[PDB]
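**Q** Residue 233 in our numbering is what sits at position 148 of the sequence shown, and the numbering runs on without skipping anything.
We put the CB at the ideal spot given by N, CA and C, even for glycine.
Pasting a structure below so you can have a look.
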Amino acid sequence: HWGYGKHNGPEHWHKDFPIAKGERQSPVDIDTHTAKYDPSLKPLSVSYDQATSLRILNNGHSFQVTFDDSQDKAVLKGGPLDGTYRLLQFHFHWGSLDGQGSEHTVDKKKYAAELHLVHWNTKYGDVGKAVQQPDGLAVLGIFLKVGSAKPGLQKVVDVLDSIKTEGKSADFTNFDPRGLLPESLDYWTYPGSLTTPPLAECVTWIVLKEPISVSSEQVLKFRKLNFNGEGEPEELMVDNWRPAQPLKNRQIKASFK
Ligand SMILES: Cc1ccc(NC(=O)NCCS(=O)(=O)Nc2ccc(S(N)(=O)=O)cc2)cc1
Ligand SMILES: [Zn+2]
């Protein structure tokens, strides 16, 4: 089964998921000098005031917080998007060292981690159907750098020892994802894919320019999670990121001058 190790990592994925070598794979390097400002882009509309978080889960490759998406409670709209996209969950990708861990890069710069807020297009009814569509998902990607603590992340980090190993979950209600956002909503956007198997080419990527800063203590608690399940040999959950993929016939657009 797939993972991030030498023997099952991103260079192996194409054998089970041949779309790994497709025409719109993610992540990519964002070359800020080649991305074009697009004045027809709208401001993003991030409407999370009614978000209802449910559980936090170690899924063996990352940790994820799930939300109630049975209703338009936490939606992403505007920007490059048509229609309404409901928040399903967020998760992160991070490194073993502060100089790596993000999936997208900016002029080849790697950040310590990357937050993905995963949304699906309500015109498709459910996420499983959305992932079969070229405009089925919108993932809001936010870079993390190490510096000052992010207060809105602390509740997440404090529960991670209760989901150390694969398959563990915990109640994680009343969490406000607005506390994970940077000040600016300026973004880059491009058509891409899931960055993990099945690597489906169903994602409008919206990557914010402004990183959030997290403390060294916060990211160290990410690095204490385990890929393995309870009672198995401990492999620390670090470097769960896919490297940048060929841009091919795509143009990255910027919402800002
Ligand atoms: C390190 C890591 C992190 C998350 C995962 N998988 C999941 O969370 N799956 C459940 C939600 S899903 O919508 O069904 N699939 C999905 C997969 C990837 C992305 S991404 N990384 O492009 O934003 C977005 C959505 C695997 C490894
Ligand atoms: Zn992700």
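Tell me which residue opens and which closes the alpha helix (DSSP H) that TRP98 is part of.
**A** 98-101 is the extent of the alpha helix (DSSP H) around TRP98.
**Q** Report yes if the CB atom of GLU108 is closer than 9 angstroms to the CB atom of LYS338, and no otherwise.
**A** Not in contact: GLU108 and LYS338 (Cβ atoms no closer than 9 angstroms).
**Q** Going straight from the alpha carbon of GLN303 to that of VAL231, what length do you get?
**A** The straight-line gap from Cα to Cα measures roughly 9 angstroms.
**Q** Pick out every residue whose C-beta is nearer than 6 angstroms to a heavy atom of ligand 2: which are they, in chain order?
**A** Here the residues come out as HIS176, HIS178, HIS201 and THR280.
**Q** According to DSSP, is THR281 helix, strand or coil?
**A** Residue state, collapsed to three classes: coil.
**Q** Identify the continuous alpha helix (DSSP H) that holds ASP256 and give its terminal residues.
**A** Where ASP256 is concerned, there is no enclosing alpha helix (DSSP H), although the beta strand (DSSP E) it sits in stretches over 254-256.
**Q** At a cut-off of 8 angstroms, would you count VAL292 as near ligand 1, judging by its Cβ distance to the nearest heavy atom?
**A** Every heavy atom of ligand 1 is 8 angstroms or more from the Cβ of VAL292, so no.
**Q** Kindly indicate which three-state DSSP category residue 83 falls into: helix, strand or coil?
**A** Here the chain covers residues 86 to 342 and nothing more, so residue 83 does not appear.
**Q** For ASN143, which residues does DSSP report across the bridge?
**A** According to DSSP, which records beta bridges pairwise, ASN143 is partnered with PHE148.
**Q** Going by DSSP, what residue range makes up the alpha helix (DSSP H) through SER301?
**A** Residues 301-307.
**Q** What do you reckon, is the C-beta of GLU319 under 8 angstroms from a heavy atom of ligand 1?
**A** Not under cutoff, so the answer is no.
**Q** DSSP on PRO276, reduced to helix/strand/coil?
**A** Looking at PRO276 - three-state DSSP - the assignment turns out to be strand.
**Q** With three or more C-beta pairs closer than 8 angstroms as the rule, is the stretch 127-135 touching the stretch 151-161?
**A** Enough Cβ pairs lie closer than 8 angstroms, so yes.
**Q** Can you find at least 3 beta carbon pairs, one from the stretch 170-180 and one from the stretch 198-218, that sit closer than 8 angstroms?
**A** In short, these stretches touch, since the Cβ pair count reaches three.
**Q** Apart from the five residues on each side of it in sequence, which residues of its chain come closer than 6 angstroms, Cβ to Cβ, to residue 347?
**A** The structure shown does not extend to residue 347, since the chain is modelled only from 86 to 342, so the question has no answer here.
**Q** For a test of the three-state rule: what should DSSP assign to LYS342, helix, strand or coil?
**A** Of the three classes helix, strand and coil, the one that applies to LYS342 here is coil, per DSSP.
**Q** Is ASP114 helix, strand or coil by DSSP?
**A** Note: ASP114 maps to strand in three-state DSSP.
**Q** Would you be able to state if there are at least three C-beta pairs under 8 angstroms between the stretch 218-226 and the stretch 240-247?
**A** Taking 8 angstroms as the limit for Cβ pairs, the verdict is that the stretch 218-226 does not touch the stretch 240-247.
**Q** Cβ of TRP205 within 8 angstroms of any heavy atom in ligand 1?
**A** It does: the Cβ of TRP205 is within 8 angstroms (strictly closer) of some heavy atom of ligand 1.
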